[PDB]
Amino acid sequence: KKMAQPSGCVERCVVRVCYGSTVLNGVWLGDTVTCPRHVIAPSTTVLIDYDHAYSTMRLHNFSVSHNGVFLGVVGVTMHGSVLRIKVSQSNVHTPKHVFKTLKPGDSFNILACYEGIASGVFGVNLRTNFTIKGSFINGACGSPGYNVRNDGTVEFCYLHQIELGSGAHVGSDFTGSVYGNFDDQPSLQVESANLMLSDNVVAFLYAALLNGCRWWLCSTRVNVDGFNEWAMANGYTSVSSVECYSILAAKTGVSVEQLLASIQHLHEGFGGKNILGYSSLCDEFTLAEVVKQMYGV
Amino acid sequence: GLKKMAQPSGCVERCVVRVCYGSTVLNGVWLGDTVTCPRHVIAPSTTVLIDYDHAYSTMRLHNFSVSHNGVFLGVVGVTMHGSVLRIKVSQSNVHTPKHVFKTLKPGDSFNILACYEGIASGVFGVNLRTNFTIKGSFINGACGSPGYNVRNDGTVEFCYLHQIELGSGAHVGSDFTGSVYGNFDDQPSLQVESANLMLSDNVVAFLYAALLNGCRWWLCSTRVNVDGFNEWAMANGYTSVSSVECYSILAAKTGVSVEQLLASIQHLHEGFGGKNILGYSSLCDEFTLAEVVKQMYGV
Ligand SMILES: COc1cccc2[nH]c(C(=O)N[C@@H](CC(C)C)C(=O)N[C@@H](C[C@@H]3CCNC3=O)C(=O)COP(=O)(O)O)cc12
Ligand SMILES: COc1cccc2[nH]c(C(=O)N[C@@H](CC(C)C)C(=O)N[C@@H](C[C@@H]3CCNC3=O)C(=O)COP(=O)(O)O)cc12
């Protein structure tokens, strides 16, 4: 089961940012509100010149609010695709936090927001083309993505920015870099084709083994350099490392190399059969996710 | 694009507590000066059918331990109501949200806050199936994890407390009155659920989603009426369709009637024959109408 980590710590950090007639979400940490620079753009169909929109900017055009309650804007700086809006009071519900840049294969959580209010929470994976499969409509921009580490530290890593012509979603980190360097402009960009995250598929077959599902298991083995060479030719990523699968291979007796071979055979399809109710290989769950949901670690 | 989501969990996170009796531990929900929790926590360690009326009579308050975020609460009294206990504590939860208690019906969607030792670790949306079970993810210690919904007015509906995992892996809970959904027992025995029925109302919503995303290779021009479909749905593992007109918002945007979609379900019954609908290779009943219209239009 795909899960999101709980969002209360992040809910208190989501504000409403208004510039003229355009509204989106921002993230209030200390006395800074970070939001997509789309909010200062003019209503036009052309490509936006953001340097010019920044220069002709009026601080009194801003309206930043938390649950119907208005914060005073002190200043605004521009960093890549985001704005840093300094305000006259710090957020007293600021959680202990860091900023981290996601890597393809990472999982995290979206808190989907509209006019500064959370409406929904779900776990996503950052894909190898640096997009996610989320759900957003108009207004969602600035919805944050986060992870909660074991110590309680929240990692802020995503601010929603665009939905591509394909439907895949794209945002930036809090430095202002867009993931995959997509343009926060109204132009059709076509993302490159998604690879299966071989690490997640391996986690899922181990999950299959712990659930007593073994009809698919190959007796034979293929090693890492062999698998990765085959991966580059078949819409799959390289496998990370065998040692980091230790806790799942200990509990199962089945080495990673055995599942790599099983991925080559089952690549051709199942033949009407299931594997945990799925009819194709599952890209969806990482190893950490598999491990926390069967063992609580 | 349909993504199974949970409603925000923050207001529920402040009501979760650790409830301990002797050495046994589970979770509960603290509202006002009451903590509700499964009565299993006062069971004795004995592999036979628990005598809950006797274990209640031998119960001793000082054996209870109830804490929020490590901060312990004093128990003042305990009463048993079906399969849950109501524990009175000597201070009120200041973060008690406006709330009611609702019993779910088959087909209802709601949200689980998966909890262990009084700390939330995960949140997800679920649908109550026709066999009064849910497909969730829980390990030992999760008992008492709450199920909830948030109404448009901001009222949290508390509706579920996790009790048991059946041999098949499906999950059963109780509501806050103490009733177990499906009249399952909260005993370490072997009970077997009935076969699950595909939720026809959600398959209709799902097929509407597919049309609004431009996936319509499956679409039937044939119409079958509600009566005809309900009769067919019996013999093939689907529920009846409740109504038609609640989809009118979608019928208008696609030009397709509900009767075409029910003919399409009979036509799509076996499988898709290689093709897919929104990447799904068989019919999908995860999303309700309300989910589809909200995620796609914000209503
Ligand atoms: C020719 O043009 C295109 C061609 C092909 C693909 C394209 N894609 C985009 C795009 O995505 N454009 C951003 C605006 C840019 C300037 C950042 C946007 O629309 N973001 C939404 C979130 C979206 C709303 C629907 N689902 C979401 O995820 C906001 O939330 C904020 O914009 P608004 O709130 O509507 O003002 C334009 C475009
Ligand atoms: C032994 O005969 C059986 C035969 C076949 C299937 C069976 N299933 C159950 C059952 O489910 N038993 C309840 C206890 C009582 C109410 C009977 C239980 O195990 N609940 C777990 C959650 C469960 C645990 C794993 N996944 C979950 O969802 C907690 O909530 C924490 O319980 P503990 O921490 O271990 O005290 C007994 C049984």
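These numbers come from the heavy atoms of this one structure, side chains and all, not from hydrogens, waters or symmetry mates. Letters A, B, ... mirror the listed sequences (proteins, then strands); counts begin at 1. Note that ligands are numbered from 1 as they come in the structure, with each ligand's atoms numbered from 1 the same way.
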field: With sequence neighbours excluded, residues passing side chain to side chain contact (heavy atoms under 4.5 Å, CB included) with B:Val41
entry: B:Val19, B:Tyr21, B:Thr24, B:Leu26, B:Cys37, B:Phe64, B:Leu85

- request: Salt-bridge test for B:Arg18 and B:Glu117: reply yes if a basic N is under 4.0 Å from a carboxylate O, no otherwise.
  value: yes

- prompt: Under 4.0 Å between a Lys/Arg side-chain N and an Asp/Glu carboxylate O for A:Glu289 and A:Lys2?
  reply: yes

Region of B:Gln187 that comes within reach of ligand 2 [heavy atoms, distance under 4.0 Å]: backbone

query: Between A:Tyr50 and ligand 1, is there a nitrogen or oxygen pair with a distance under 3.5 Å?
result: no

- prompt: Side chain, backbone, both or neither: which part of A:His160 comes within less than 4.0 Å of ligand 1 when only heavy atoms are counted?
  reply: side chain

message: If you measure every N or O of B:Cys143 against every N or O of ligand 2, does any of those distances drop under 3.5 Å?
response: yes

Salt bridge present between A:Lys1 and B:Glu286 (N-O < 4.0 angstrom): yes

- prompt: Taking heavy atoms and a distance under 4.0 Å, where does B:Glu165 meet ligand 2: side chain, backbone, both or neither?
  reply: both

Short N or O distance, A:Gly165 and ligand 1, threshold 3.5 Å exclusive: no

task: List the steps, then state whether side-chain hydrogen bond (donor to acceptor under 3.5 Å, both in side chains) holds for B:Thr288 with B:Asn127.
output: CA-CA 9 Å; B:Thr288 67; B:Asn127 274 82; 5.8 Å; no

query: Going by the atom numbers of ligand 1, which of them fall below 4.0 Å from some non-hydrogen atom of A:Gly139?
result: 30 (O), 34 (O)

message: Within ligand 1, which atoms have a heavy atom of A:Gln161 less than 4.0 Å away?
response: 13 (C), 17 (C), 18 (C), 20 (N)

task: Indicate, with yes or no, if the rings of A:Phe108 and A:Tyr158 have centres closer together than 6.0 Å.
output: yes

message: With respect to A:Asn138, determine whether any N or O atom, backbone or side chain, lies less than 3.5 Å from an N or O atom of ligand 1.
response: yes

query: Under 30°, 30 to 60°, or over 60°: which ring-plane class applies to B:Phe158 and B:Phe101, parallel, tilted or perpendicular?
result: tilted

- prompt: Do B:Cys15 and B:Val29 have side chains that get closer than 4.5 Å, going by heavy atoms?
  reply: yes

query: Is it the case that B:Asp186 and B:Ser83 place a side-chain donor and acceptor less than 3.5 Å from each other?
result: no

field: ligand 2-proximal atoms of B:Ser189, by part, heavy-atom distance under 4.0 Å
entry: backbone

message: Need the ligand 1 atom indices (1-based, order shown) with element for anything under 4.0 Å from a heavy-atom of A:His169.
response: 28 (O)

task: Quick one: list whatever passes ring-ring contact (aromatic ring centres under 6.0 Å, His included) with B:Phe206, sequence neighbours left out.
output: B:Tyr280

message: Suppose I only count heavy atoms of B:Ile164 and a 4.0 Å limit; which atoms of ligand 2 are within that range?
response: 10 (C), 11 (O), 13 (C), 16 (C)

message: Below the 3.5 angstrom mark, is there an N/O of B:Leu166, backbone or side chain, next to an N/O of ligand 2?
response: no

- prompt: Can you tell me if A:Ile137 has a non-hydrogen atom under 4.0 Å from ligand 1?
  reply: yes

Residue A:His38 vicinity, atoms of ligand 1 by number, heavy atom under 4.0 Å: 16 (C), 31 (C), 32 (O), 33 (P), 36 (O)

query: Do any heavy atoms of A:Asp184 fall under 4.0 Å from ligand 1?
result: yes

